[PDB]
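Structure file protein-v1.txt (compact mmCIF, C-alpha atoms and all ligand atoms) is printed below.
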```txt
# COMPACT_ATOMS: atom_id res chain seq x y z
CA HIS A 4 -0.37 116.57 280.02
CA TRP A 5 -3.25 118.18 278.05
CA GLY A 6 -6.48 118.33 280.08
CA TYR A 7 -9.15 120.77 281.15
CA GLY A 8 -7.49 122.70 284.05
CA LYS A 9 -6.24 126.34 284.11
CA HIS A 10 -2.75 125.27 283.07
CA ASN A 11 -3.41 122.61 280.46
CA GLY A 12 -6.88 123.37 279.15
CA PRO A 13 -8.20 124.06 275.62
CA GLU A 14 -6.36 127.39 275.27
CA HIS A 15 -3.04 125.48 275.71
CA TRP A 16 -3.61 122.59 273.33
CA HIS A 17 -2.20 124.35 270.25
CA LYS A 18 1.33 124.18 271.70
CA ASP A 19 1.36 120.39 271.51
CA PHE A 20 -1.31 120.09 268.76
CA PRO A 21 -0.92 122.93 266.25
CA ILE A 22 -3.96 121.63 264.26
CA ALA A 23 -5.96 123.18 267.20
CA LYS A 24 -6.01 126.39 265.13
CA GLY A 25 -6.79 124.49 261.87
CA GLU A 26 -9.39 125.05 259.14
CA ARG A 27 -12.04 122.52 260.30
CA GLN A 28 -11.96 122.33 264.15
CA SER A 29 -14.83 121.25 266.38
CA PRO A 30 -17.01 121.93 268.21
CA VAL A 31 -18.78 124.98 266.67
CA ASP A 32 -21.75 127.12 267.40
CA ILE A 33 -24.74 126.08 265.31
CA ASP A 34 -26.40 129.25 264.16
CA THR A 35 -29.88 127.93 263.38
CA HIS A 36 -30.82 130.86 261.17
CA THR A 37 -27.80 130.41 258.94
CA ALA A 38 -27.66 126.62 258.57
CA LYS A 39 -29.11 125.77 255.18
CA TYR A 40 -31.78 123.12 254.63
CA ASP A 41 -30.34 120.59 252.20
CA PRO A 42 -33.29 118.58 250.74
CA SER A 43 -30.83 116.15 249.19
CA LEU A 44 -29.61 114.88 252.61
CA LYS A 45 -31.08 111.44 253.31
CA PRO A 46 -32.57 110.20 256.55
CA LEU A 47 -29.95 108.95 258.90
CA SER A 48 -29.91 105.21 259.33
CA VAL A 49 -29.00 104.07 262.88
CA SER A 50 -28.77 100.26 263.06
CA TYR A 51 -28.01 99.42 266.67
CA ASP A 52 -30.17 96.28 267.24
CA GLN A 53 -27.09 94.01 266.97
CA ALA A 54 -24.78 96.21 269.09
CA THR A 55 -22.29 94.42 271.42
CA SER A 56 -21.07 96.57 274.27
CA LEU A 57 -18.01 95.23 276.09
CA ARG A 58 -16.48 97.50 278.68
CA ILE A 59 -16.64 100.93 280.27
CA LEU A 60 -13.39 102.83 280.82
CA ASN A 61 -12.44 106.05 282.70
CA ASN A 62 -9.54 107.31 280.52
CA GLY A 63 -8.81 110.42 282.64
CA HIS A 64 -10.84 112.75 280.42
CA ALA A 65 -14.23 111.08 280.01
CA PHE A 66 -15.62 107.61 280.27
CA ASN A 67 -15.98 105.48 277.14
CA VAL A 68 -18.56 102.69 276.68
CA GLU A 69 -16.72 100.49 274.16
CA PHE A 70 -18.28 98.17 271.55
CA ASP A 71 -17.16 95.20 269.53
CA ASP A 72 -16.40 96.80 266.15
CA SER A 73 -14.79 93.78 264.43
CA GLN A 74 -18.00 93.18 262.38
CA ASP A 75 -20.94 95.32 261.13
CA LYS A 76 -23.01 94.98 264.33
CA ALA A 77 -23.89 98.63 265.16
CA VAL A 78 -23.67 100.99 262.20
CA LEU A 79 -24.49 104.46 261.07
CA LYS A 80 -25.31 105.05 257.35
CA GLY A 81 -27.25 107.49 255.17
CA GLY A 82 -27.59 111.14 256.10
CA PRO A 83 -24.54 112.93 254.65
CA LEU A 84 -22.49 109.73 254.76
CA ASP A 85 -21.22 107.51 251.97
CA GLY A 86 -20.57 103.99 253.08
CA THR A 87 -20.92 102.29 256.44
CA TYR A 88 -19.58 103.57 259.76
CA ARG A 89 -19.14 101.22 262.72
CA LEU A 90 -19.78 102.19 266.31
CA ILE A 91 -16.57 101.93 268.40
CA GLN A 92 -17.48 103.83 271.58
CA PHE A 93 -19.64 106.48 273.12
CA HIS A 94 -18.82 109.06 275.77
CA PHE A 95 -20.09 112.35 277.18
CA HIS A 96 -18.88 115.87 277.95
CA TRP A 97 -20.54 117.67 280.85
CA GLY A 98 -20.44 120.67 283.14
CA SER A 99 -19.90 121.52 286.79
CA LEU A 100 -23.29 123.28 286.53
CA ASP A 101 -26.41 122.56 284.47
CA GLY A 102 -25.86 125.83 282.57
CA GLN A 103 -22.81 124.47 280.74
CA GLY A 104 -21.21 121.21 279.60
CA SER A 105 -21.99 120.76 275.89
CA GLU A 106 -19.31 121.22 273.20
CA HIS A 107 -21.59 122.25 270.38
CA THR A 108 -23.86 125.15 271.10
CA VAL A 109 -27.11 126.14 269.35
CA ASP A 110 -27.50 129.88 268.84
CA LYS A 111 -24.91 130.18 271.63
CA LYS A 112 -27.08 128.08 273.99
CA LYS A 113 -25.02 125.57 276.07
CA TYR A 114 -26.62 122.28 277.19
CA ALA A 115 -25.84 120.41 280.41
CA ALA A 116 -23.95 117.73 278.55
CA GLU A 117 -23.35 116.21 275.12
CA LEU A 118 -23.19 112.54 274.10
CA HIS A 119 -20.88 111.50 271.25
CA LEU A 120 -21.44 108.19 269.53
CA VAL A 121 -18.25 107.60 267.62
CA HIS A 122 -18.12 105.64 264.37
CA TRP A 123 -15.41 104.81 261.82
CA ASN A 124 -15.57 104.31 258.06
CA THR A 125 -15.24 100.56 257.36
CA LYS A 127 -13.50 101.31 254.00
CA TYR A 128 -10.40 102.18 256.09
CA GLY A 129 -10.16 98.89 257.94
CA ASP A 130 -9.61 100.16 261.50
CA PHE A 131 -10.09 103.21 263.71
CA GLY A 132 -6.44 104.17 263.76
CA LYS A 133 -6.29 104.31 259.96
CA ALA A 134 -9.68 106.05 259.74
CA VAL A 135 -8.58 109.07 261.88
CA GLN A 136 -5.98 109.81 259.18
CA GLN A 137 -8.71 110.36 256.51
CA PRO A 138 -10.91 113.44 256.00
CA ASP A 139 -14.00 111.22 255.89
CA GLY A 140 -12.78 108.68 258.42
CA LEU A 141 -15.17 109.19 261.33
CA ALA A 142 -18.86 110.00 261.79
CA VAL A 143 -19.76 111.28 265.25
CA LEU A 144 -23.42 111.46 266.25
CA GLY A 145 -23.84 114.27 268.80
CA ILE A 146 -26.85 114.37 271.10
CA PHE A 147 -27.51 117.17 273.60
CA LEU A 148 -28.61 116.44 277.20
CA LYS A 149 -30.80 118.78 279.20
CA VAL A 150 -31.75 118.35 282.85
CA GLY A 151 -35.43 117.36 283.47
CA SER A 152 -37.02 113.90 283.53
CA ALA A 153 -34.68 110.92 283.89
CA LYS A 154 -33.57 108.92 280.82
CA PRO A 155 -34.32 105.29 281.76
CA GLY A 156 -31.83 103.93 279.24
CA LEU A 157 -28.98 105.91 280.77
CA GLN A 158 -29.37 104.49 284.27
CA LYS A 159 -27.29 101.38 283.67
CA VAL A 160 -24.40 103.70 282.76
CA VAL A 161 -24.95 105.90 285.82
CA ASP A 162 -24.99 102.93 288.15
CA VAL A 163 -21.60 101.52 287.03
CA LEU A 164 -19.67 104.85 287.45
CA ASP A 165 -18.86 104.05 291.12
CA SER A 166 -16.73 101.22 289.87
CA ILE A 167 -14.63 103.39 287.46
CA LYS A 168 -14.22 106.43 289.66
CA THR A 169 -10.58 107.12 288.79
CA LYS A 170 -8.35 107.27 285.67
CA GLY A 171 -7.38 103.89 284.22
CA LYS A 172 -10.27 102.04 285.85
CA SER A 173 -12.48 99.75 283.66
CA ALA A 174 -15.45 97.43 284.26
CA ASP A 175 -17.31 94.82 282.20
CA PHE A 176 -20.25 96.49 280.54
CA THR A 177 -22.03 93.96 278.36
CA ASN A 178 -25.49 93.96 276.85
CA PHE A 179 -25.96 97.73 277.00
CA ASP A 180 -28.35 98.96 274.27
CA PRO A 181 -27.43 102.40 272.97
CA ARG A 182 -30.88 102.76 271.31
CA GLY A 183 -32.08 103.77 274.79
CA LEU A 184 -30.04 107.00 274.53
CA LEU A 185 -31.65 108.33 271.30
CA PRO A 186 -34.27 111.11 271.16
CA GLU A 187 -37.54 110.56 269.17
CA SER A 188 -36.58 112.57 266.11
CA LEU A 189 -33.45 112.01 263.98
CA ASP A 190 -33.57 115.57 262.50
CA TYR A 191 -29.94 116.83 262.37
CA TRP A 192 -27.33 119.43 261.40
CA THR A 193 -24.17 118.31 259.71
CA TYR A 194 -20.75 119.87 258.97
CA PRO A 195 -17.14 118.70 258.47
CA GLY A 196 -14.95 118.99 261.58
CA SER A 197 -12.53 117.34 264.00
CA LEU A 198 -12.02 115.29 267.14
CA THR A 199 -12.69 117.70 270.01
CA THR A 200 -9.81 116.27 272.12
CA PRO A 201 -6.15 115.92 271.15
CA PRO A 202 -4.96 114.93 268.66
CA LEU A 203 -7.79 117.15 267.22
CA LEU A 204 -7.56 115.34 263.85
CA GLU A 205 -9.71 116.75 261.07
CA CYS A 206 -11.37 113.44 260.23
CA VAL A 207 -15.01 113.80 261.41
CA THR A 208 -18.34 114.25 259.68
CA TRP A 209 -20.38 115.66 262.54
CA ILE A 210 -24.10 114.81 262.72
CA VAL A 211 -25.67 116.74 265.60
CA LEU A 212 -29.27 115.93 266.49
CA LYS A 213 -31.71 118.80 266.90
CA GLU A 214 -33.77 117.12 269.62
CA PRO A 215 -32.02 116.85 273.04
CA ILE A 216 -32.60 113.95 275.43
CA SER A 217 -33.62 114.80 279.05
CA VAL A 218 -31.73 113.34 281.98
CA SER A 219 -32.43 113.83 285.71
CA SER A 220 -30.45 116.08 288.00
CA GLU A 221 -29.47 112.88 289.92
CA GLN A 222 -28.14 111.30 286.69
CA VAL A 223 -25.83 114.27 285.86
CA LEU A 224 -24.77 114.58 289.52
CA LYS A 225 -23.42 111.06 289.21
CA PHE A 226 -21.24 112.03 286.20
CA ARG A 227 -19.80 114.85 288.34
CA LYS A 228 -18.56 112.34 290.99
CA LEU A 229 -16.06 110.90 288.58
CA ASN A 230 -12.39 111.82 288.95
CA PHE A 231 -9.84 113.05 286.40
CA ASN A 232 -7.02 111.73 288.63
CA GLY A 233 -5.85 108.16 289.29
CA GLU A 234 -6.50 106.29 292.51
CA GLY A 235 -4.21 107.50 295.29
CA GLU A 236 -3.70 110.89 293.62
CA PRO A 237 -5.28 114.14 294.82
CA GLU A 238 -9.03 114.22 293.91
CA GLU A 239 -10.03 116.43 291.09
CA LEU A 240 -13.67 116.07 290.02
CA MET A 241 -14.21 115.14 286.35
CA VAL A 242 -16.35 118.21 285.40
CA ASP A 243 -16.21 120.79 282.55
CA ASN A 244 -14.45 118.29 280.23
CA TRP A 245 -15.74 120.22 277.19
CA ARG A 246 -13.91 122.23 274.55
CA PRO A 247 -15.60 125.54 273.67
CA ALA A 248 -16.84 126.51 270.24
CA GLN A 249 -14.13 127.03 267.57
CA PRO A 250 -14.21 129.38 264.54
CA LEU A 251 -16.47 128.13 261.70
CA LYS A 252 -14.11 129.56 259.05
CA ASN A 253 -14.89 128.30 255.52
CA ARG A 254 -17.72 125.88 256.44
CA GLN A 255 -21.52 125.74 256.00
CA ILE A 256 -23.65 123.84 258.45
CA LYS A 257 -26.48 121.93 256.63
CA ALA A 258 -29.84 121.01 258.14
CA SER A 259 -31.77 117.85 257.39
CA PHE A 260 -35.08 119.63 258.16
CA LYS A 261 -37.08 122.72 257.24
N1 LIG A 301 -14.94 114.09 271.45
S1 LIG A 301 -14.86 113.33 270.00
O1 LIG A 301 -16.10 112.67 269.80
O2 LIG A 301 -14.62 114.31 268.98
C1 LIG A 301 -13.68 112.22 269.96
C2 LIG A 301 -13.88 110.92 269.45
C3 LIG A 301 -12.88 109.93 269.44
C4 LIG A 301 -11.64 110.23 269.97
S2 LIG A 301 -10.39 109.09 270.03
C5 LIG A 301 -8.90 109.90 270.46
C6 LIG A 301 -8.15 110.20 269.17
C7 LIG A 301 -7.33 109.02 268.77
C8 LIG A 301 -7.31 107.89 269.58
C9 LIG A 301 -6.56 106.80 269.16
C10 LIG A 301 -5.84 106.85 267.97
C11 LIG A 301 -5.87 107.98 267.17
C12 LIG A 301 -6.62 109.07 267.57
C13 LIG A 301 -11.41 111.50 270.50
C14 LIG A 301 -12.42 112.47 270.49
ZN ZN A 302 -16.51 113.78 272.54
```
Can you turn what I pasted into structure tokens?
Ligand SMILES: NS(=O)(=O)c1ccc(SCCc2ccccc2)cc1
Ligand SMILES: [Zn+2]
Amino acid sequence: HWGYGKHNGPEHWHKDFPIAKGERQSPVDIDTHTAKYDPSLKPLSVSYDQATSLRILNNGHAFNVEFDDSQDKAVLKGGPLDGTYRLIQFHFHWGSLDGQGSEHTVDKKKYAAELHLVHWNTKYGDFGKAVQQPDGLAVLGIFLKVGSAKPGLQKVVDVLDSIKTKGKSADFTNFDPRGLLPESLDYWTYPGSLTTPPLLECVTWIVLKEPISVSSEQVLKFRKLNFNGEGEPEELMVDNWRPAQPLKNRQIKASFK
């Protein structure tokens, strides 16, 4: 029953998920003047050439592009991370309007949407065990702004008709998530949480400084999705973002000067 309406939205989640008011919740505002350059952070290593996408699913709160994570085919390493993190899925959060939609903000600026590439620490064996560990997940966050189209997103846009409603899935093989990356891998990093229930505090967040641009037609297609199931009253899947949470006792580090 959690969701993003007036009656079950982010301000309600604490009643089922008390960790909502915890010590390391996400997203946060990234105050660019207070994040500290940390010259000891390494370059991020994104190794996606062997990625195997399988399926795309509307789960009633976003859509997930899911990957085969039973071997080291698409991994994230380096940066703030120790060890190897396997890509399991990516999804997006977006707005009803171009002026909102991202979860992280940068000096209080909201982007039109935010992509999360979700990875789990292979020393924990599987995703379900990894979410129980403080260093269990690494999520790569990438901001979307509206402008020129992103060619490598179009295959995702074009399948959304087939997963309009909650519970719908479609084969989605041979999708290359390298086509969703910006040029620069400059990033901010901080310890945080899943941004949907169960809000577990298991995520090293790596948020890229450079946004990707997508076309107005691309984001319009996200906004045609439905939160509801087929044969239920239509509620457009829009504004599926949690707002910024208190930073509390955390420092955001920057990979760049
Ligand atoms: N928006 S986010 O990137 O922070 C994010 C990533 C992954 C999940 S998965 C649901 C949590 C879960 C699923 C299955 C077993 C245990 C926990 C939720 C939110
Ligand atoms: Zn997310």
Selection as a PDB file with C-alpha atoms, in the frame of the given file: residues within 10 Å of ligand ZN 302 (chain A) by all atoms listed in the file:
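And here's pocket.pdb as it stands now:
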```pdb
ATOM      1  CA  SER A  29     -14.830 121.250 266.380  1.00  0.00           C
ATOM      2  CA  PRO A  30     -17.010 121.930 268.210  1.00  0.00           C
ATOM      3  CA  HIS A  64     -10.840 112.750 280.420  1.00  0.00           C
ATOM      4  CA  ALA A  65     -14.230 111.080 280.010  1.00  0.00           C
ATOM      5  CA  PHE A  66     -15.620 107.610 280.270  1.00  0.00           C
ATOM      6  CA  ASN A  67     -15.980 105.480 277.140  1.00  0.00           C
ATOM      7  CA  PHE A  93     -19.640 106.480 273.120  1.00  0.00           C
ATOM      8  CA  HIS A  94     -18.820 109.060 275.770  1.00  0.00           C
ATOM      9  CA  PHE A  95     -20.090 112.350 277.180  1.00  0.00           C
ATOM     10  CA  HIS A  96     -18.880 115.870 277.950  1.00  0.00           C
ATOM     11  CA  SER A 105     -21.990 120.760 275.890  1.00  0.00           C
ATOM     12  CA  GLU A 106     -19.310 121.220 273.200  1.00  0.00           C
ATOM     13  CA  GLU A 117     -23.350 116.210 275.120  1.00  0.00           C
ATOM     14  CA  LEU A 118     -23.190 112.540 274.100  1.00  0.00           C
ATOM     15  CA  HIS A 119     -20.880 111.500 271.250  1.00  0.00           C
ATOM     16  CA  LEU A 120     -21.440 108.190 269.530  1.00  0.00           C
ATOM     17  CA  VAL A 121     -18.250 107.600 267.620  1.00  0.00           C
ATOM     18  CA  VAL A 143     -19.760 111.280 265.250  1.00  0.00           C
ATOM     19  CA  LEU A 144     -23.420 111.460 266.250  1.00  0.00           C
ATOM     20  CA  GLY A 145     -23.840 114.270 268.800  1.00  0.00           C
ATOM     21  CA  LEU A 198     -12.020 115.290 267.140  1.00  0.00           C
ATOM     22  CA  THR A 199     -12.690 117.700 270.010  1.00  0.00           C
ATOM     23  CA  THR A 200      -9.810 116.270 272.120  1.00  0.00           C
ATOM     24  CA  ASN A 244     -14.450 118.290 280.230  1.00  0.00           C
ATOM     25  CA  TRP A 245     -15.740 120.220 277.190  1.00  0.00           C
ATOM     26  CA  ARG A 246     -13.910 122.230 274.550  1.00  0.00           C
TER      27      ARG A 246
END
```
For this session: With a distance cut-off of 10 Å and all atoms listed in the file, select the neighbouring residues of residue 69 (chain A), excluding the residue or stretch itself and same-chain residues fewer than 5 positions from it, and output the selection as a ChimeraX atom specification.
Result: /A:55-60,90-94,121,175-177
For this session: Just give me the residues with any atom within 8 Å of (-25.7, 124.2, 269.3), file coordinates, counting all atoms listed in the file, written as a VMD selection string.
Result: chain A and resid 31 to 34 107 to 113
Please produce a file of those selected residues containing C-alpha atoms, as an mmCIF file, keeping the file's coordinate frame.
```cif
data_model
loop_
_atom_site.group_PDB
_atom_site.id
_atom_site.type_symbol
_atom_site.label_atom_id
_atom_site.label_comp_id
_atom_site.auth_asym_id
_atom_site.auth_seq_id
_atom_site.Cartn_x
_atom_site.Cartn_y
_atom_site.Cartn_z
ATOM 1 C CA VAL A 31 -18.780 124.980 266.670
ATOM 2 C CA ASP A 32 -21.750 127.120 267.400
ATOM 3 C CA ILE A 33 -24.740 126.080 265.310
ATOM 4 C CA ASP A 34 -26.400 129.250 264.160
ATOM 5 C CA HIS A 107 -21.590 122.250 270.380
ATOM 6 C CA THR A 108 -23.860 125.150 271.100
ATOM 7 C CA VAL A 109 -27.110 126.140 269.350
ATOM 8 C CA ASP A 110 -27.500 129.880 268.840
ATOM 9 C CA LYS A 111 -24.910 130.180 271.630
ATOM 10 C CA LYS A 112 -27.080 128.080 273.990
ATOM 11 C CA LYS A 113 -25.020 125.570 276.070
#
```
For this session: Would you please work out which residue, of A:250, A:6, A:215, A:202, is nearest to residue 132 (chain A) when using all atoms listed in the file?
Result: A:202
Problem set entry | Proximity to residue 148 (chain A) - best of A:218, A:100, A:161, A:187, all atoms listed in the file |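 Ranked by minimum distance to residue 148 (chain A), first place goes to A:218.
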For this session: Pick out the closest residue to residue 39 (chain A) from this set: A:201, A:237, A:191, A:123. Count only C-alpha atoms.
Result: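 Going through A:201, A:237, A:191, A:123 one by one, the smallest distance to residue 39 (chain A) is for A:191.
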Centre and size of axis-aligned box enclosing ligand LIG 301 (chain A) plus 3 Å each side, as lines of an AutoDock Vina configuration file:
```
center_x = -11.0
center_y = 110.6
center_z = 269.3
size_x = 16.3
size_y = 13.5
size_z = 10.3
```
Problem set entry | For CA of residue 84 (chain A) and CA of residue 135 (chain A), the interatomic separation in Å (one decimal) |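 If I compute the distance from CA of residue 84 (chain A) to CA of residue 135 (chain A), I get 15.6 Å.
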Exercise. With only C-alpha atoms and all ligand atoms as the atoms that count, which of A:5, A:131, A:40, A:114 lies nearest to ligand LIG 301 (chain A)?
Worked result: A:131
Exercise. Using only C-alpha atoms, which of A:127, A:170, A:159, A:213 sits nearest residue 235 (chain A)?
Worked result: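 Smallest separation from residue 235 (chain A) among the options: A:170.
Taking only C-alpha atoms into account, residue 210 (chain A) lies nearest to A:196 out of the set A:196, A:181, A:171, A:86.
Interatomic distance, atom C11 of ligand LIG 301 (chain A) to CA of residue 24 (chain A): 18.5 Å.
Going from CA of residue 20 (chain A) over to CA of residue 208 (chain A), you cover 20.2 Å.
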Do a neighbour search on residue 22 (chain A) at 9 Å with only C-alpha atoms, toss out local chain neighbours closer than 3 positions, and write the hits as a compact mmCIF listing (two decimals) with C-alpha atoms, in the frame of the given file.
```
# COMPACT_ATOMS: atom_id res chain seq x y z
CA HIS A 17 -2.20 124.35 270.25
CA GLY A 25 -6.79 124.49 261.87
CA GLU A 26 -9.39 125.05 259.14
CA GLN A 28 -11.96 122.33 264.15
CA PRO A 202 -4.96 114.93 268.66
CA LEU A 203 -7.79 117.15 267.22
CA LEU A 204 -7.56 115.34 263.85
CA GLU A 205 -9.71 116.75 261.07
```
For this session: Please identify all polymer residues within 9 Å of residue 155 (chain A), counting only C-alpha atoms, omitting same-chain residues fewer than 2 positions from it, and present them as a count of residues only.
Result: 7
Problem set entry | Close residues, residue 195 (chain A) itself excluded, 7 Å, only C-alpha atoms, min 3 positions apart in chain, as a VMD selection string | chain A and resid 27 207 to 209
Can you tell me which residues surround residue 260 (chain A) at a distance of at most 12 Å, considering all atoms listed in the file, apart from same-chain residues fewer than 3 positions away, and format the answer as a PDB file with C-alpha atoms, in the coordinates of the input?
```pdb
ATOM      1  CA  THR A  35     -29.880 127.930 263.380  1.00  0.00           C
ATOM      2  CA  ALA A  38     -27.660 126.620 258.570  1.00  0.00           C
ATOM      3  CA  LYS A  39     -29.110 125.770 255.180  1.00  0.00           C
ATOM      4  CA  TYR A  40     -31.780 123.120 254.630  1.00  0.00           C
ATOM      5  CA  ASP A  41     -30.340 120.590 252.200  1.00  0.00           C
ATOM      6  CA  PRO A  42     -33.290 118.580 250.740  1.00  0.00           C
ATOM      7  CA  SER A  43     -30.830 116.150 249.190  1.00  0.00           C
ATOM      8  CA  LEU A  44     -29.610 114.880 252.610  1.00  0.00           C
ATOM      9  CA  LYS A  45     -31.080 111.440 253.310  1.00  0.00           C
ATOM     10  CA  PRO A  46     -32.570 110.200 256.550  1.00  0.00           C
ATOM     11  CA  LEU A  47     -29.950 108.950 258.900  1.00  0.00           C
ATOM     12  CA  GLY A  82     -27.590 111.140 256.100  1.00  0.00           C
ATOM     13  CA  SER A 188     -36.580 112.570 266.110  1.00  0.00           C
ATOM     14  CA  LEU A 189     -33.450 112.010 263.980  1.00  0.00           C
ATOM     15  CA  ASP A 190     -33.570 115.570 262.500  1.00  0.00           C
ATOM     16  CA  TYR A 191     -29.940 116.830 262.370  1.00  0.00           C
ATOM     17  CA  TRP A 192     -27.330 119.430 261.400  1.00  0.00           C
ATOM     18  CA  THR A 193     -24.170 118.310 259.710  1.00  0.00           C
ATOM     19  CA  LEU A 212     -29.270 115.930 266.490  1.00  0.00           C
ATOM     20  CA  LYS A 213     -31.710 118.800 266.900  1.00  0.00           C
ATOM     21  CA  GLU A 214     -33.770 117.120 269.620  1.00  0.00           C
ATOM     22  CA  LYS A 257     -26.480 121.930 256.630  1.00  0.00           C
TER      23      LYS A 257
END
```
Any chance you could build region 234-245 of chain A out to N, CA and C atoms and write it as a compact mmCIF listing (two decimals), in the frame of the given file?
```
# COMPACT_ATOMS: atom_id res chain seq x y z
N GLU A 234 -6.39 106.71 291.14
CA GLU A 234 -6.50 106.29 292.51
C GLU A 234 -5.22 106.61 293.30
N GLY A 235 -5.39 107.14 294.50
CA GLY A 235 -4.21 107.50 295.29
C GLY A 235 -3.50 108.77 294.83
N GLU A 236 -4.16 109.54 293.95
CA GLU A 236 -3.70 110.89 293.62
C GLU A 236 -4.71 111.88 294.19
N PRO A 237 -4.30 113.15 294.35
CA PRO A 237 -5.28 114.14 294.82
C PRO A 237 -6.56 114.23 293.92
N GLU A 238 -7.72 114.26 294.57
CA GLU A 238 -9.03 114.22 293.91
C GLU A 238 -9.34 115.50 293.20
N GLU A 239 -9.56 115.35 291.90
CA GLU A 239 -10.03 116.43 291.09
C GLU A 239 -11.28 115.95 290.33
N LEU A 240 -12.42 116.60 290.56
CA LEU A 240 -13.67 116.07 290.02
C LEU A 240 -13.64 116.17 288.50
N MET A 241 -14.07 115.10 287.80
CA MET A 241 -14.21 115.14 286.35
C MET A 241 -15.50 115.97 286.04
N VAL A 242 -15.29 117.28 285.82
CA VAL A 242 -16.35 118.21 285.40
C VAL A 242 -15.77 119.16 284.37
N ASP A 243 -16.63 119.80 283.54
CA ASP A 243 -16.21 120.79 282.55
C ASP A 243 -15.13 120.20 281.62
N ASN A 244 -15.37 118.94 281.17
CA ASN A 244 -14.45 118.29 280.23
C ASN A 244 -14.90 118.56 278.80
N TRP A 245 -15.28 119.82 278.52
CA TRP A 245 -15.74 120.22 277.19
C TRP A 245 -14.81 121.26 276.60
```
